[PDB]
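As a plain string of letters, each chain reads:
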Amino acid sequence: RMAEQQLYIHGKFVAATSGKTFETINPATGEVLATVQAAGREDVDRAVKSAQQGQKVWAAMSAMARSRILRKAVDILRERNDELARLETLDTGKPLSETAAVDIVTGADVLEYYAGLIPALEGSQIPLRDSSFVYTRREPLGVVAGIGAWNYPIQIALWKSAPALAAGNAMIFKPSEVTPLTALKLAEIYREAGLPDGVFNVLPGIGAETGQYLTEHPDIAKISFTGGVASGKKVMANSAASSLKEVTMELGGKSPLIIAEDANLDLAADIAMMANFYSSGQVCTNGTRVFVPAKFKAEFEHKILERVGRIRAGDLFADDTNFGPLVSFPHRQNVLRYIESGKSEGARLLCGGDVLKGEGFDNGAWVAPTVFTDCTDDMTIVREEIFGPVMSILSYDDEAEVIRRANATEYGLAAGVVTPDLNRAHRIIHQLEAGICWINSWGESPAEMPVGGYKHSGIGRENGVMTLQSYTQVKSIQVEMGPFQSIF
Amino acid sequence: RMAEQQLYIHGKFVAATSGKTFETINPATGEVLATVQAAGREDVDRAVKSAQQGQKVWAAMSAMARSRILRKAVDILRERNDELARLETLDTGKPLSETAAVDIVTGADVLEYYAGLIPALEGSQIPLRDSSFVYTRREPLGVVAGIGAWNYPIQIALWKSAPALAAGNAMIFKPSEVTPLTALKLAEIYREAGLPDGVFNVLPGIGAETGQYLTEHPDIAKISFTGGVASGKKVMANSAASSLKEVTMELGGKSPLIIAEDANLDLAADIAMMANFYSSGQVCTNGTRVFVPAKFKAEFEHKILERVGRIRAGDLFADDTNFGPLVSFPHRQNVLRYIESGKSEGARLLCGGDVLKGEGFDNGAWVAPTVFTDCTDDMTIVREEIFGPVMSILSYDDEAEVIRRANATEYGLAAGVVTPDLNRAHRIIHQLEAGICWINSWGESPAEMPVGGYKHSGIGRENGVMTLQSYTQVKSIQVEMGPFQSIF
Amino acid sequence: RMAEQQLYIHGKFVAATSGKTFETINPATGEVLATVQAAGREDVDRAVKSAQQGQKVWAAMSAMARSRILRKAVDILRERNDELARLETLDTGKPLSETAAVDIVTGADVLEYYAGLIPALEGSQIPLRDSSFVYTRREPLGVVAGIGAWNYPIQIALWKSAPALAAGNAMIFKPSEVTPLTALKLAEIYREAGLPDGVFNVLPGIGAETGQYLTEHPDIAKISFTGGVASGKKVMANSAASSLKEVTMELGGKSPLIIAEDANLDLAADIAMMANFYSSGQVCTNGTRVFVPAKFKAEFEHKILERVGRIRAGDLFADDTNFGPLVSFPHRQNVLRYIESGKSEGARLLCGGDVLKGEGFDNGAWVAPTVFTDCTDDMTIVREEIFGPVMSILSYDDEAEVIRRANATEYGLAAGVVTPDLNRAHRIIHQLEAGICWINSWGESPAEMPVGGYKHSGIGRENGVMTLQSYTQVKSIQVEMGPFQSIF
Amino acid sequence: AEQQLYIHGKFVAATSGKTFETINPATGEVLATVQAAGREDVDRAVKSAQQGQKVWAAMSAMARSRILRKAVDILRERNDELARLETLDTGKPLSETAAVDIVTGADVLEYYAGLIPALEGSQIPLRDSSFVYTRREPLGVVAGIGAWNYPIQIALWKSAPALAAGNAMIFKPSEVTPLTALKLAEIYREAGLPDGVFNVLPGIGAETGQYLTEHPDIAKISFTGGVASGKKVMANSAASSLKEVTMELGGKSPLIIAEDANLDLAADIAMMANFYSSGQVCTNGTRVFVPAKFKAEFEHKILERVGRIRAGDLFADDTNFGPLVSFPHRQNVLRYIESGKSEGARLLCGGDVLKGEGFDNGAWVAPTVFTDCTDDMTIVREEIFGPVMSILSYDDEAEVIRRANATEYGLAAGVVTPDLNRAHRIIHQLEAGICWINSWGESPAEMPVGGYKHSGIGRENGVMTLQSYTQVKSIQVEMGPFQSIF
Ligand SMILES: Nc1ncnc2c1ncn2[C@@H]1O[C@H](COP(=O)(O)O)[C@@H](O)[C@H]1O
Ligand SMILES: Nc1ncnc2c1ncn2[C@@H]1O[C@H](COP(=O)(O)O)[C@@H](O)[C@H]1O
Ligand SMILES: Nc1ncnc2c1ncn2[C@@H]1O[C@H](COP(=O)(O)O)[C@@H](O)[C@H]1O
Ligand SMILES: Nc1ncnc2c1ncn2[C@@H]1O[C@H](COP(=O)(O)O)[C@@H](O)[C@H]1O
Ligand code: NA
Ligand code: NA
Ligand code: NA
Ligand code: NA
């Protein structure tokens, strides 16, 4: 068990003044990983005043001075990749085979990416006439807040903090209460890299309290939130009610994976497996509606069954473990309710559908990888995000039908198509209503690539050059060198 | 009085099914200008279904085909400038000297600007490796909604609809109930120009009902709102509780004009006049806090008194008239309550402070140009936006103080400085917390120049190239040409 | 018979002072179309002084004022498309079925495109520190010179003049002695649209005299040249020996068309036909090396021969004529010399290979559509550009081989691939060393698409936003608001 | 020790059989003998670069970035060592070389390293059934030809964008100052740069430079030097394979002192614009335009400033003035100084070589200021490239602008004024690519720099220069049915 975890405000760990605490569990064992202090309303105010003071120092440095500090943090993250991944595995229940290859690697990639773009952040100059011209500045917002989710804790902390800090802001980050531990380590890493005190503060807490105090605080200029749709609506209401903040939201989806009639079904099955069962299905971009041509549906079902039999649950630190428990018992209960609705609504259970039992599983919230087929667009498991290891296989006859059904949803996060045909790939992808589209692949999210949702799946974008700009605000300045004329 | 005005949906005027109507008044005479039908909850759904159909046609056209249509609308607007300005004067009370020279001219300037940029709206391509690359599409949002304010009715309708249409969207526009007439004329002009049916629909109504139905509709992807802070908080809240929509907001301000000790006080007085009394002070960007060095205050007050003396109120269609009534009698009552708060807190009344009386004024919502001096930061008239012809003059001693006091507000819309000194002009402007900054001028808003507020004065920007992009959404597409590797 | 054509300098036609003239021939009949005056050194000097005066007026105008003038020119060009095309057909010998559908249509498209972009021409602003910043201006170069080629006379004049004028420069344009007539008409159109006098001047003449005087003139800031490699080298030499001009060149190519093993051979044949025999083969981008898999070559040859037999030479104004004479009789001799080298080097003539004879052809510079097969990479007709209707079909065995052979040339202008396979199309195209690449098509050159040559086929680019910027020069301006510190 | 060529990640003997010497300008002694790359050597470097460029371009963008940042870290750690070698080769005080030459060279490499992942093409929809996308592809093999005033900085400013864009560069340093370019090649290899990506071929411009400009497989030339040498480069590149050329030439930059200017500030700016690096800097404000009403005061102030100049041991901390790059170069500067007297200019100071212990053996020229200068004197119209300030008087703003602009040069310009309108108004009318307001000489990596008119072609630094080391490929994907008219 670990020592009690404190708040991180202004370059040092510090006790919360709320008097309150919470515990984070190891979802593989049910054991208390650490007791964690919760930030109260006065603690948030202290963090904002720390952040305001740090931000001025940060913004007054040269662009390359900021770049060098963030690249030093990258170097630390590269060195401690395996140690940080192990803590993430303990806190989240995700296999080490995942956390050591993706979570910190792709989080540091984004920090590294933005560190190098700081000197390229530029305004514009616009001539109006010989006697007047306009120039613009891309100024920091000031203090921004990030609210993280529990499925990719440190990756989210890096994907939010990297552009915010690169744009010259200070960020106060509130990790999920399920998974607060890696965010505290990152705050330590930033200071070791030379980040000025206050520029990145971490306030663990419950959403109902610490999160709400951040969304309500009048001196926070922007909120960036990744999480469930319900917690988002609350953040957006309390942020609307309070000071007028720009909000960015990354929510879930029910993303379609469209298998074309000319597609290799081994490739299609491999893509479908990776689009549904990575991180035990707890991934917003997962391709949970798999559309397969009727003529190949049966063969595809067998290929899935063959691959699902290969999934290896077990010791999360073992190299060959590729499947972990869900993050908590309440989350598994919701997944189990969706599975039962699939059975009751007439979907055909192809495999899985039950909790896992036996030594090593009775203490964690394990669900067997599950596949439903013979699914219809009106079934609950097809219409709603489950956030668990549950694939829905749907049959289709023609391209116009599958495009219509793929788009017939309020979600809009991701989509994909499998096809070797040049025209089919681009033609279909261009008609899909989704922000992240993969052709003959799934899941890769390069730092260069803006990612985010259409419709109800999010507001704004992360990664790419545009996200650096979105953590600045434009000031337009007109220089009038001619004589001003008044009509009064 | 005009025939009962109807909704404009899908290329034609159509009766509302709400059974509700409202009236718009001429603020110069108290007369009813017209009865106007109010869009019901079902009418909004019809407009959305019309906009969905029109947007598909509009987005399928070539970029240059959309450009030519918008440029045709521009040509119609220029030809009908004088006719449109008169209707605007009748509806708003603004002098024809303003409406004929600014409102349609600057509205059409923005439509003309965006018409030419449509073909330059481009995505990006990013190589990842020999075997994979990414490209992005800037796709239309789909159906967007604009909610207009009453101070610049047709200019606002153009500033919202021009980028929205240029980006490939359809807009449903709800004008302010105080000034609904010019937006309906704009819709006929767009159709006459060749805009497909459904791409620009106008639904008059009330904010509590019609505005809310638009902000609640699940198939509207973005809301752009211009108005008061209070209604903006409501819009953001209802849109949050409802479909997760992109939001843009242009709210009020309490913008500071910083007169420097080396400023020509004649130039400063002329800038202060234009920043406070154009459109009878009903302009969000107005410089309603005028900071003057103590050593120059008495002389500046004298020069202000001189410029107020030249103000020429009267018949709104006379060429020499340069001051009009407020937009409505209820708004005048609010402005009078601010004036009484200024007297009761001890601000010195320099001029004005009362309604205008006599033939041709006793029937209009006239307020005399009003200047308070000896003003202090804590006064209500200095802290709150009045949106009337009320200038507040505040004395300051040194630059650091005036920067702090200028910035010590929840508003963030505009700011300005009067100084011949190179270093002073840029140094001050760079430290001011405002999105729109004028050096030795006020009020000019070129189509090329992004405009919008810091802090509580707004979210997002209007005009400039960036606003065309903000009416698109980014779709990232990864083409994987290498073998896909599954870990299962 | 037309009247003698004069020089066009400063908004009017004016007599040359060279005392020298030349004739332009109708290539379908041999008759003299018109006598044209040649500009001497003093004529060029007068043109520069005219251009210098007009550029200042043109650049002092607002961006939108420049945009409206160019769009007015577009409107006249659309109205006069048929009349201009008929003149181009008379001067060049290209069928009206081409000139009325392409030459002015796509010329005006580029002018229309750049007209709308003028207001988006923007500099940048870079904050160095609190006390110093940099901003940049994109200023006009001043007076630039364009030297046109004879195959697309008015299109080239528009593609060069449109970005030059839109960037605020004046252009002196020198048309080819073969095709001077439409350039003089374009000058009249610009004046009628409102272009200031001197901003577009046209100086017919010969390359060795008029062309050299322009390339040598000290007050010309940039040269844009389209033509043969030998003439280009002369331009580059005189420009270096003289004042330090920027040169842009669009020279010839020997562009490969790669037919993949999975391509439909009817599509491949249609693309190859359009890539070789449009404008009688007189196109720099033509796909004159057609690479076909060995196993499909015989079937491809049959499809080519069937299509070549459909080619309709005849009256260039007849609707169904789709093949014209070469631009001149000296050019036909060069093409016939190449055809004889193909025969003598052992290439197999599949069709054509001789002049056309009979009523209607005997007086024209006609060459039959010619196809060689069994070609090898060492043959003269394969290594050198012919600029006539001569296709070379080359067999290949594998993808790596065809990429090497496609790239094994000093030319680098265009290339294309025919394949329905997603991976093959992008993978091959990414390895081809050419600036213009077509997948499953040929010849389309949208205004938005930058076009130009790799290696010896050109310097710089035309069209796209980047070409507007290339007709400006960057001025960087640092504003230092802090104290300057000298080490001396 | 006989310095050799650097090709494919190792030092290699030249196959020319020719050599040259570089002199320490402070002592007249030979610093080192350097081998000169011949015609076979140029073909070798190009063939090596072609092989290396594919490895380099095949890496990820971040892989290239990390290698370039490792080179930066080595350069910082070796700043003092490299600066000393630069001082020996150029005669610039260590106080300069340790603070500017490598510092500002590395800054540009560091800047471009971070931008590699942001180098992006474009995507343009044409219609539902067709779209276009563009790739920004490496040119391949490019060549840089450096000047002698800032040897390593020029090598970094040329090689950084070239390598960042995915090209290999062959760099030919000036024969006057070839030594630091070879250390840089070593540093790049140590940082992990693939072999062949940065090859260095010392030699003579008449031979080695020509062989680079004539080689058919070099896609672009970037040249910094004098106008005459540039015209030769451009001719040979014209007569040869069709190359993109970039040139950064000299200037006769004006420094305009306004009526409301503080003359202490103006004098400081004028000192740094004329006498830094002993006045051998292309952006130097050699024409200092001063109001007649202030000329006498400014002259006093110049004499006050010129008196603090401390010539001496180039490794001494307080030294701020060095010898010229070579004794032959000194004769040309002295030839210009004699022309001001013959042309009637009043010599306010300097104008001779320096003498005594420690100066008789160096290529010293005294800091020189002429006043009573006229627009027609040779020293006012032509670049001297030595420590010679020309003071010119003016009466009205239009005159100084036209006179400032009345030149074929267009490199830099500056104005000294506290007035908002005059700075922007004057600067917007000056025909120069590099304009400083109330300062001089600062050249941030972010700021594009280059000449108007005869002072250069193209630009260096800034994001645009990264793109200019790429070539655009446009690709149309036609998904509709293709229609032939035959
Ligand atoms: N009402 C709320 N206000 C602010 N943050 C919240 C709220 N409810 C939950 N959160 C936080 O939002 C993130 C995601 O929530 P969930 O989707 O419920 O896991 C976690 O950091 C929660 O603690
Ligand atoms: N609650 C609301 N929801 C939507 N629109 C509203 C709401 N309240 C006011 N509006 C509209 O917002 C615009 C400006 O609001 P106001 O500042 O109140 O005049 C007008 O078009 C109003 O009708
Ligand atoms: N030496 C030259 N200098 C300038 N322009 C030339 C020269 N030779 C030919 N031209 C022109 O270049 C264009 C195309 O050259 P060509 O390839 O010979 O048709 C025509 O306008 C020629 O008149
Ligand atoms: N004709 C030439 N061709 C190529 N490079 C040259 C030529 N002349 C001089 N150079 C080189 O150009 C650089 C600067 O030239 P300079 O202005 O003479 O010092 C040095 O590297 C010279 O060796
Ligand atoms: Na946990
Ligand atoms: Na009204
Ligand atoms: Na002709
Ligand atoms: Na030397």
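Residues numbered from 1 in each chain as written, not as in the entry; some residues may be left out. Chains lettered and ligands numbered in written order. Heavy atoms only, no water. Residues with missing side-chain atoms left out of burial classes, pairs and counts.

Method-wise, the PDB entry is recorded as coming from X-ray crystallography, at a reported resolution of 2.15 Å.

(A) Looking closely at the pattern of salt bridges. For the coordinates displayed, the defined rule picks out 125 salt bridges over all chains. Ionic pairing is found between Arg191 of chain B and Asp197 of chain B, a salt bridge with its closest N-O pair at 3.7 Å. By relative accessible area, which is 29% here, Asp197 of chain B ends up partly exposed. Residues joined by salt bridges that share partners form a network here, namely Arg68 and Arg71 of chain A together with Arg76, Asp107 and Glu110 of chain D. (Salt bridge = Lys/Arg side-chain N within 4 Å of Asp/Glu carboxyl O. Buried < 20%, exposed > 50% of the residue type's maximum accessible area, 1.4 Å probe, protein only.)

(B) Focus on the nonpolar core. In this structure, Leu70, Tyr190 and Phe300 of chain B together with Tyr190 and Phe200 of chain C are the most contacted members of the largest nonpolar core, which totals 258 residues. If we ignore the near neighbours within four places in the chain, the residues touching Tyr190 of chain C are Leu70, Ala73, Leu111, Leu158, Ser161, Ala162, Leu165, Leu195 and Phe200 of chain C. With 255 residues, the next largest nonpolar core counts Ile9 and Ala115 of chain A together with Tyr6 and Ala160 of chain D among its residues. (Core = buried A, V, L, I, M, F, W, Y, C linked by side-chain atoms within 4.5 Å. Contact = heavy atoms within 4.5 Å.)

(C) Here's a closer look at the relation of the copies chain B and chain C. For the pair chain B and chain C, the superposition axis carries a translation of 0.1 Å, the fit reaches an RMSD of 0.3 Å, and the rotation angle comes to 180 degrees. When the rotation and shift are considered jointly, the pair of chain copies conforms to a two-fold rotation axis. Closest approach to the rotation axis within chain B is made by the C-alpha atom of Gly116 of chain B, at a distance of 1.8 Å. (Least-squares fit on C-alpha atoms.)

(D) Main features of the coordination of the sodium ion (ligand 5). All names here are of chain A. The coordination sphere of the sodium ion (ligand 5) contains the protein donors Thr24 (OG1), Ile25 (O), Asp91 (O), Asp91 (OD) and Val178 (O), at a distance range of 2.3 to 2.6 Å. Sequence positions of the donors to the sodium ion (ligand 5) reduce to the motif T-I-x65-D-x86-V. A residue pair is termed long-range when its members are at least 10 positions apart, and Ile25 in strand β3 (residues 21–25) and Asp91 in helix α3 (residues 81–92) qualify at 66 residues. The class of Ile25 is partly exposed, set by a relative accessible area of 31%. With a relative accessible area of 0%, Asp91 lands in the buried category. (Donors = N, O, S within 2.8 Å, 3.2 Å for Na, K, Ca; no water. Helix = DSSP H or I, 4+ residues; strand = E, 2+ residues; numbered from the N terminus.)

(E) Spotlight on the interface of chain B and chain C. Residue-level contacts link 23 residues of chain B with 23 residues of chain C. Taken together, both faces of the contact between chain B and chain C bury some 1,800 Å²; the carbon and sulfur share is 59%. Of all residues in chain B, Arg71, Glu112 and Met481 of chain B give up the largest surface area on contact with chain C, accounting jointly for 26% of the area buried on that side. Taken together, the links from chain B to chain C amount to five salt bridges. The salt bridge involving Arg71 of chain B is made with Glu112 of chain C; its shortest N-O contact spans 2.6 Å. (Buried area = accessible area lost by both parts, 1.4 Å probe.)

(F) How the structure looks around the relation of the copies chain A and chain B. Aligned on chain B, chain A shows an RMSD of 0.4 Å; the corresponding rotation is 179 degrees and the shift along the axis is 0.0 Å. When the interface residues of chain A are mapped onto chain B, 100% of them are again interface residues, pointing to one common binding face.

(G) Up close: the site of ligand 4. Residue and element names in this part refer to chain D. Near ligand 4, the surroundings consist of 17 residues, among which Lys172, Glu175, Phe223, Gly226 and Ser229 are the closest. In this structure, an oxygen atom belonging to ligand 4 sits 2.6 Å away from a side-chain N or O atom of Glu175. In this structure, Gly226 approaches ligand 4 through a main-chain N or O atom, which is 2.7 Å from an oxygen atom. When isolated, ligand 4 has an accessible area of 480 Å², and the protein chains bury 86% of it. Those elements that provide at least two residues to the shell around ligand 4 are α7 (205–214), β10 (220–224) and α8 (227–239). (Near = heavy atom within 4 Å. Polar contact = N/O pair within 3.5 Å; in protein donor to acceptor, adjacent residues only side chain to side chain. Areas by Shrake-Rupley, 256 points an atom, 1.4 Å probe, with all protein chains shown as cover.)

(H) Fine view of the domain arrangement of chain A. Residues and elements named next belong to chain A. Per the domain assignment, the segments of chain A are domain 1 (7–252 + 449–474) and domain 2 (255–439). Measuring from the centre of the C-alpha atoms in domain 1 to the corresponding centre in domain 2 gives 30 Å. On the domain 2 side, the residues contacting the 30 residues of domain 1 number 33 residues. When domain 1 packs against domain 2, close to 2,600 Å² is buried across both sides, 60% of that on carbon and sulfur atoms. (Domains from an automatic or database assignment.)

(I) Spatial organisation of the site of ligand 3. Residues and elements named next belong to chain C. Around ligand 3, the surrounding shell holds 17 residues, and the nearest of these are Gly148, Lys174, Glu177, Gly228 and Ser231. Interatomic distance of 2.6 Å between a side-chain N/O atom of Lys174 and an oxygen atom of ligand 3. Within the side chain of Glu177, an N or O atom sits 2.5 Å from an oxygen atom of ligand 3. Residue assignment for the shell around ligand 3 shows that the elements contributing at least two residues are α7 (207–216), β10 (222–226) and α8 (229–241). Grouping the amino acids of the shell around ligand 3 by side-chain chemistry returns five nonpolar, nine polar and three charged. (Nonpolar A, V, L, I, M, F, W, Y, C, P; charged D, E, K, R; others polar.)

(J) Molecular detail of the pairing of strand β14 (residues 289–293) of chain B. Residue and element names in this part refer to chain B. With five of its five residues buried, β14 lies for the most part within the structure. Residues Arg289, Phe291 and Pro293 line one face of β14 and the alternating positions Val290 and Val292 line the opposite face, and both faces are buried. Sheet topology note: the strand β13 (residues 256–259)/β14 ladder contains three bridges and is parallel. Counted as the bridge partner of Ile258 is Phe291 from β14. The β-α-β motif built from β13, the intervening helix α9 (residues 265–277) and the parallel element β14 has right-handed crossover chirality. With five bridges connecting them, β14 and strand β17 (residues 390–396) associate as parallel partners. In the strand pairing of β17, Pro293 is matched with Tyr396. (Pairing = 2+ DSSP bridges. Right-handed = clockwise from strand over helix to strand, strands pointing away.)

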